[PDB]
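Engineer:
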Amino acid sequence: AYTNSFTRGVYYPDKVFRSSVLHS
Amino acid sequence: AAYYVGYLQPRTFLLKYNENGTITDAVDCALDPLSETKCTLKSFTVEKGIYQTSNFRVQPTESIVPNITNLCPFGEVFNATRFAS
Amino acid sequence: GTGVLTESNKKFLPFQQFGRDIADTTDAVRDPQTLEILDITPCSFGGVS
Amino acid sequence: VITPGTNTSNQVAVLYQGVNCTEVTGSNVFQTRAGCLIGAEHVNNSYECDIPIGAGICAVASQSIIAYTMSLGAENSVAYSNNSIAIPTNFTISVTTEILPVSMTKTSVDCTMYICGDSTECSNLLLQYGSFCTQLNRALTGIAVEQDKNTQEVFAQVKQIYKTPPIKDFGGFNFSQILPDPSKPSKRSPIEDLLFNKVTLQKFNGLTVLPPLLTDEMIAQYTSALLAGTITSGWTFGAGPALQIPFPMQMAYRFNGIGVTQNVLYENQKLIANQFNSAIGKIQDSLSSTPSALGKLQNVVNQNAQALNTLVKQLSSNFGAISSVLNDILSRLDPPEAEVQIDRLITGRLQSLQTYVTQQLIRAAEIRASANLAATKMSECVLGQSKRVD
Amino acid sequence: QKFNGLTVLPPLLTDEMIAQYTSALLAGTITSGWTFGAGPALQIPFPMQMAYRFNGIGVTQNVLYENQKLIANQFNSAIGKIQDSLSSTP
Amino acid sequence: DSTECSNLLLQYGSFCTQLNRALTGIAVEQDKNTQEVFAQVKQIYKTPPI
Amino acid sequence: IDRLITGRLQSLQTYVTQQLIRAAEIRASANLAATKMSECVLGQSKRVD
Amino acid sequence: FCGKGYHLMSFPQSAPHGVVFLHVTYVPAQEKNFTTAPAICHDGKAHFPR
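Protein chains in written order, with the entry's author numbering: chain A, 27 to 50; chain B, 263 to 327, 330 to 349; chain C, 548 to 596; chain D, 597 to 620, 638 to 672, 687 to 828, 853 to 1041; chain E, 853 to 942; chain F, 745 to 794; chain G, 993 to 1041; chain H, 1042 to 1091.
1) Please state whether DSSP places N717/D in a helix, a strand or coil.
2) I'd like to know if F32/A contacts chain K, where contact means its C-beta is closer than 8 Å to some C-beta of that chain.
3) When you compare each of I788/D, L984/D, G857/D to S884/D by their alpha carbons, which one comes out closest?
4) I want to see whether chain D comes within less than 8 Å of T1076/H, judged by CB atoms only; does it?
5) Mind pulling the alpha helix (DSSP H) runs of 4 or more residues that sit fully within the region 877-916 of chain E?
6) Sort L861/E, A893/E, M900/E, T912/E by Cα distance to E773/F and report the nearest one.
7) Once you ignore the five residues that flank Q1036/D on each side, which residues in its own chain have a CB closer than 7 Å to its CB?
8) Residues of chain G with a CB under 7 Å from the CB of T1006/D: which are they?
9) Contact between the region 863-882 of chain D and the region 953-967 of chain D: three or more CB pairs below 8 Å?
10) Who are the Cβ neighbours of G548/C in its own chain at under 7 Å, not counting the five residues just before and after it?
11) Below 9 Å between beta carbons is the criterion; list the residues of the region 861-873 of chain E that meet it against any residue of chain D, in chain order.
12) Who are the neighbours of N657/D on chain B, taking C-beta pairs under 9 Å?
13) Does the separation of the CB atoms of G798/D and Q920/D fall below 8 Å?
14) How about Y707/D and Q895/E: do their beta carbons lie closer than 8 Å?
15) Indicate whether at least one CB of chain D lies closer than 8 Å to the CB of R995/G.
16) List the whole-angstrom C-beta distance separating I692/D from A653/D, where the pair is believed to meet the contact cut-off of C-beta under 8 Å.
17) Please report the Cβ distance between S46/A and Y279/B, rounded to the nearest whole angstrom; I am assuming they are in contact, meaning their Cβ atoms lie under 8 Å.
18) Hey, out of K310/B, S316/B, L293/B, whose CA is closest to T302/B's CA?
19) For chain D, is any of its Cβ atoms less than 8 Å away from the one on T323/B?
20) What's the gap between the Cα of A1020/D and the Cα of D663/D?
21) Between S1021/G and chain D, is the shortest Cβ-Cβ distance under 8 Å, so that the two count as touching?
22) Within a Cβ cutoff of 7 Å, which residues of the same chain sit near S968/D, ignoring the five residues on either side of it in sequence?
23) DSSP puts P665/D in a beta bridge; with which residues?
24) Can you grab the Cα-Cα spacing for the pair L276/B / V736/D, in whole Å?
25) For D985/D and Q992/D, what's the separation of their Cα atoms in angstroms?
26) Check whether chain D comes within 8 Å of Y313/B, counting only Cβ atoms and requiring the distance to be less than that.
27) Just the C-alpha distance for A956/D and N856/E, rounded to the nearest angstrom, thanks.
28) Is the Cβ-Cβ distance between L752/D and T739/D less than 8 Å?
29) Do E748/F and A1026/G have their beta-carbon atoms positioned less than 8 Å apart in this structure?
30) Classify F32/A as helix, strand or coil using the three-state DSSP reduction.
31) Mapping DSSP to helix, strand and coil, what is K733/D?
32) The alpha helix (DSSP H) spanning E1017/D covers which residue range?
33) Compute the distance between the beta-carbons of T618/D and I670/D, then report whether it is under 8 Å.
34) Determine the closest residue to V915/E out of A924/E, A903/E, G891/E, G932/E, with distance taken between C-alpha atoms.
35) Hey, does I1018/G have any beta-carbon neighbour from chain F nearer than 8 Å?
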């Protein structure tokens, strides 16, 4: 079977607080 | 009794951190060209225009290399009729 | 680092150990042993005219 | 990537610059002589350009992205013949705007705190590089002292601070949108208020931002002095003493200097006044209800910001040597070998600082050319009446 | 004219379009004068346009008409001379 | 087309995206120069046929 | 490799800096030409020479 | 452009690696307060100054 994994599975990568920002 | 298994890949994202520090949105920078623009501009909304994102580059598929003639003589050494003391 | 630590009202998440800025410089840190959030200001400098 | 903005659609076209359309998501490819346009539908109907692609091609219109050869404008043949002229029988009075940048932010970056932090090993290993840092601080100080010169040669062209009379009887003309508002703080006009609210503007490792010499409360006082002088005295205060003259008579002087006789003003003085008042009120909307009108001011701010943001983010680069952190290399390695990695980090950060300063020096020349243009426009357009067209 | 990293982007306005702009400016000033740079293009016969332009340098208007065939001949012989100032000395 | 300083060059930071930014600024400015010189008519006037 | 990188990157930076200066010169000349198209072509100029 | 006041004439002087312009301008000096009218009408017809 297969399923689409839409936008799911994003995790916090680095244990760093970041406020109102767009980090790449 | 059912579950889902997916595999991680080395991909770059753009994560949107809230005022409270939590992630509220993300952009996969190789999903489609629009997300490449979003990761290039470091923005989630892009304005109307033309934006350069990357470099197309054709990769070489094969490799291709005078008439090889002059190998040295051994046949007269190793397969010789007579040797010396 | 080097700087002035002050009490701060930035709400970290319970796993984030230090804040950062949009230059990727650390301008906050949760200290251990009391889990307070501490700002970091650079030690004040400037020219002398 | 051609996009019409994500607030309209998420369709994009992709331009591959300079490749043939035989060399590669395929929907309808289009060879352009600028490249290969994939995802835009080629039409024959020429329009006015909005997304410029190149070599004459431009690009959403009725729920699809099109690509057309652009049009230069509507063709008209004016009805020329020997013995025919056209003479105007009426006029409009048009108030247009021109936005000119004048100054930048006066940043100054100390080398030794930028390039070396507080590490005296780094500092003592930097002294053997010579006078690079006094060169760099001299260059940035020259830029910073030039910014104040830019502002004071644009605005400070009045010797005296004129004030408009407290009763505003200017013959029907309503300069209420440009004269300062006393019933609010900072004493600015409505238009200056929306100019400050529509432009949206940090002290760390080396960077400092010197404040400008003329505060905004003082620049607005200059510009209200220039307005009050123009309104009450005409061009006479740019030459000698301010000679007062009634504003319809001044405007009749100013029709008389474009070749229209001055009875045309008086006999239409009401109508002209209304046109002025309706055209001065659309500036309010044409800035407020249209974003990116102040883009010429905006990009300057943005460029300076991202230059600093590229400088600070260039600190976290290894440049070779094993770590970008100056403490995690003193407490790692022995110092006959630590000071080759430190030196590698110094030459990387020094070339980053030097390329920032060279970008600043070459951008401040643009702002100085624009500030010279703005000073010329203040002298000739505001303080006088130009015959030089456009 | 590209090999290695370097590309030459073509200009947005082709030379046909720049020539179309240049013919638009030049046919505007022949037929309408300076009036097309301010507002709508008001046509005006070219002797009568040129007499305004004598009158703008302080020479009165009758100097144009009474010498009109002379002025046209010096004008044509000076534009004929400017090809040869570029179709010659480099 | 070598990978070996597609890795060493990344250690030099954002130098290869700052130079590209500068050159594309020059390139957009060239089209602005041509537009400012020549595009000063709203309409395309045509001379009469005779 | 790193010697060749720091040679070629410096050569590229020299090229870009020369181009930025030359672009400033051509923008000054193009602003002059736009001024001449306005004042000389679209009007009659009283400015001497 | 050529000094403060209404420009009459100006004179160059050579300075080392430069030039010095002496701008002779006309400055109006001592002014009298008066009373105007846009036009003066006589015989029921408005007269404007030439």
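Positions of the beta carbon are idealized from the N, C-alpha and C atoms, including for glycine.
Structural biologist: Answer, in terms of the structure:
1) coil
2) The chain inventory of the structure shown lacks chain K, comprising the protein chains A, B, C, D, E, F, G and H.
3) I788/D
4) no
5) 887-890, 898-907
6) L861/E
7) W886, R905, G908
8) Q1005
9) no
10) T573, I587
11) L861, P862, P863, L864, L865, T866, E868, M869, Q872, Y873
12) The contacting residues do not exist; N657/D stays about 22 Å from chain B at best.
13) yes
14) yes
15) no
16) 5 Å
17) 7 Å
18) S316/B
19) no
20) 28 Å
21) no
22) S975, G999
23) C671/D
24) 30 Å
25) 11 Å
26) yes
27) 32 Å
28) no
29) no
30) coil
31) strand
32) 989-1028
33) no
34) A903/E
35) yes
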